[PDB]
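Protein chains get the first letters and strands the later ones, always in sequence-line order, with residue 1 at the start of each.
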Amino acid sequence: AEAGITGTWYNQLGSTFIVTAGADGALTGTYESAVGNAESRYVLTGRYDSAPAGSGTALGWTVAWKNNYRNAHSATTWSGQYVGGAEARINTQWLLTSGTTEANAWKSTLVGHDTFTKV
Amino acid sequence: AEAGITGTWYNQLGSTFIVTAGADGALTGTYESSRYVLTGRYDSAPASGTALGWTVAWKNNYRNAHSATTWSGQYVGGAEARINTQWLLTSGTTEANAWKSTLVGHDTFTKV
Amino acid sequence: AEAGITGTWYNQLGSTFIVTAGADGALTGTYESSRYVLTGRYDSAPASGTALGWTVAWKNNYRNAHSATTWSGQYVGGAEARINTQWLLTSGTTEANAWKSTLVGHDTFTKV
Amino acid sequence: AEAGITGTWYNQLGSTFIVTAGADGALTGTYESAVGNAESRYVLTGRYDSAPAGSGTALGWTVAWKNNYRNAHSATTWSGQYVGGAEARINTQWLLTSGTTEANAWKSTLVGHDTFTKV
């Protein structure tokens, strides 16, 4: 619920995710990327199950790779589950999609998986 | 286009996505196949389609499916505007079942 | 159907898949958009579509793209038989770039 | 090349994969599953880049979940790269597809990632 999720997290590549879980199931924050065309901080928005069922808490968020300094013409979404305890982790799968011409659309989307550790 | 995106859309199975695209890159609206709140972002200065993504947690006042889907794709405008997507649906699971927690698929939305 | 699967198929972009389905569950054949060898398996006793998958390493006598695609899906027979798939294309990369090694997409093949 | 790949491997869930890499780029072997409707050994087939480029070697394989004892009406494909050294590993992403009725086709496919360690 709010506090579990709210906080600073890092993935296995050294990117940072700062998130506030709101009472209505809203997720807002900032993302700072360890890779790609990514310079500085980017806004993030998402949603989580604010009334979860030993099972994890399902959540997802999106970043569009545009800030006041750069624009990668691409957006990533991460879908996963928050698993609490002392070992708090967020286990995700993500899709990165770039804006493409129609011809190149077949190769517009990357897929990968990230694990977030809470700090 | 910002307000190119703004509107009501439908996918292949009859689900309906109502969205507003903000000047600064925000997407907000509701998804129904009952109704759920969505939030996302899009490139507000595209070159190419416009990249975008959004999430829906499957909980509202009536049901809680303890899952959340994210759609990642691009908007292509023109005479017949479309949003081509791939999505990941993750369910809250115990550790024993975490390996079978995520479904993947694709959706094509149109104004029709 | 074993020999329901056997035949020549085309996807949305004009690639052509020539396949033979063996009695015991083997798939063999070639894929061309030049030609590459494919191998896979399918459920030879289906209930529902027939589950199946195949791989193509993108190397032949003429080119080597140092990648390999796998297609996972099901065969649906009837008047207009189709093979609905999702695929993963992985490229051989250095460790620095391993996070951007895999493309995901979907393909629909038909006899037309 | 052949020998690098050829051998016995296990994933993080305790499944086993026994594979022989052939000279023409063929992969044949057997898979024994730690989960699902999966009883005993199942045949596998796939392909690999027999002439790879510090970069890994791209490969993929499929198992249909049918043997003489069980049938799950489903097939999985794993796509990834073999990374050699002492730390030999195969890093993959997989798609599991079940045979479904048309109505249920939207939820026929699972996605996940596995890491294989050589034994």
* Among A:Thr109, A:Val111, A:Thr97, which residue meets the side chain to side chain contact (heavy atoms under 4.5 Å, CB included) test with B:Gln86? -> A:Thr109

* Tell me the residues of residues 78-91 of chain A whose non-hydrogen atoms fall below 4.5 Å from those of chain B, in number order. => A:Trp78, A:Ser79, A:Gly80, A:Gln81, A:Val83

* Got a second to check how far B:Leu88's CG is from A:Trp94's CH2, nearest 0.5 Å? -> 10.5 Å

* Structure fact -> Expected contact set for residues 48-59 of chain A against chain B at heavy-atom separation under 4.5 Å reads A:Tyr48, A:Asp49, A:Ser50, A:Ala51, A:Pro52, A:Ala53, A:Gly54, A:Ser55, A:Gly56, A:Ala58, A:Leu59

* Which bit of B:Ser91 comes within less than 4.5 Å of chain A, counting heavy atoms only: side chain, backbone, both or neither? -> backbone

* Asked: So does A:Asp24 have more than 12 non-hydrogen atoms from other groups sitting under 6.0 Å from CG?
  -> yes

* To do: Between chain A and each of B:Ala57, B:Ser48, B:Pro46, B:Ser101, count heavy-atom pairs under 4.5 Å; write down the option with the most.
  => B:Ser48

* Flag the pair B:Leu38 / A:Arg47 as yes when at least one side-chain heavy-atom distance between them is below 4.5 Å, and no otherwise. => no

* Does a sphere of radius 6.0 Å around CD in A:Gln12 hold more than 12 heavy atoms from other residues, nucleotides or ligands, not counting ones at 6.0 Å or beyond? -> yes

* Asked: Does atom NZ of B:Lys111 have more than 12 heavy-atom neighbours from other groups under 6.0 Å away?
  -> yes

* **A:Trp65 portion near chain B, given a 4.5 angstrom heavy-atom threshold** => neither

* Specify which of B:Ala65, B:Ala45, B:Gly25, B:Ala26 makes the most heavy-atom pairs with chain A at under 4.5 Å. => B:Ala45

* **chain A contacts, top residue of B:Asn97, B:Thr93, B:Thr94 (heavy-atom pairs, under 4.5 Å)** => B:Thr93

* Asked: Between atom OG1 of B:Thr39 and atom CH2 of A:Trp61, what is the distance when rounded to the nearest 0.5 Å?
  -> 14.0 Å

* Which pair of non-hydrogen atoms, one from B:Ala68 and one from A:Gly60, has the smallest distance, and what is that distance? -> CB-N, 4.4 Å

